[PDB]
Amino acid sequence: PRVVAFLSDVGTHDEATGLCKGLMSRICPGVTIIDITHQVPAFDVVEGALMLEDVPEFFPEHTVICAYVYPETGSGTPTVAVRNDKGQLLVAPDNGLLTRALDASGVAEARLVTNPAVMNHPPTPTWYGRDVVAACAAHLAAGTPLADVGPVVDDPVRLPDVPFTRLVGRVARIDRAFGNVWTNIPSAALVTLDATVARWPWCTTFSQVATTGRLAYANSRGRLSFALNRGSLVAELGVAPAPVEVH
């Protein structure tokens, strides 16, 4: 069975995610479920799409990426299942949540989830995430052919992007464990930096500047980022996922 990677905005504070996992193990006995996160802010599709970008790279090809942020649950908004160029399967509401992950790994095939046999038979309109997305992810992980899921659709719904302009960018995400600030400006779109978020030393890593000192760097994904060594730059500057311009 495929490994199921699991993301949602439902949380860990009660039984709901656990019930989804139990349903998956019911459908696919012996399945491995790795949580990516369930702390996506409520209704926040863009945040989840950002969190899912690298998931295809760092998971095996024998994977189902199960993700649901679904304020459209129980409406005309269907669930989409996708095979990418890596050969991984992806299941999510067709509201664009898979946008960045699909840009990174490609769309080799995409169908709408309409076959009741891959659903949890009484799909509750308020919890399609469990009864359609999770159940379909488990059925696919068990080896159900993607073609059985429903009709081909040309392209999954896609989120829009306001890229950086040559430089002017934006704070895309904040490292909430540490206070580090990430931008959408790729570092290759270039030692010190004059930037508005002041002179920022360009560093390999955090510890090349004194403790509490400011620093600029390329994060794990390759995008320009700002930080304080052993400190929270967000806390100091009060910045929220804002501006950014490299002079």
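Position 1 is the first residue in the sequence shown; the rest follow in order.
Going from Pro241 to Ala242, you skip over 1 to 3 residues of the deposited sequence that the entry leaves unmodelled. According to the entry, the stretch of the deposited sequence that connects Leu190 to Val191 contains 4 to 9 residues lacking coordinates, which leaves a gap of moderate length in the model. A summary of the deposited B-factors shows that, of 165-173 and 78-86, the stretch with the larger mean C-alpha value is 165-173.
Judged by mean Cα B factor in the deposited record, 174-182 ranks above the other of 34-42 and 174-182. Within the selection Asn120, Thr144, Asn95, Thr114, the deposited Cα B-factor values reach their highest point at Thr144. Looking at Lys21, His13, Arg230, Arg223, the one whose CA carries the top B-factor in the deposited record is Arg223. Ranked within its chain, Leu159 lands in the middle third, by CA B factor from the PDB record. Among all modelled residues in its chain, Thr99 ranks in the middle third by Cα B-factor. Sorting the modelled residues of the chain by their CA temperature factor places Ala195 in the highest third. Among the modelled residues of its chain, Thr126 has a C-alpha B-factor that falls in the highest third according to the deposited record. Ranked against the other modelled residues of its chain, the C-alpha B-factor of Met51 as given in the entry falls in the lowest third.
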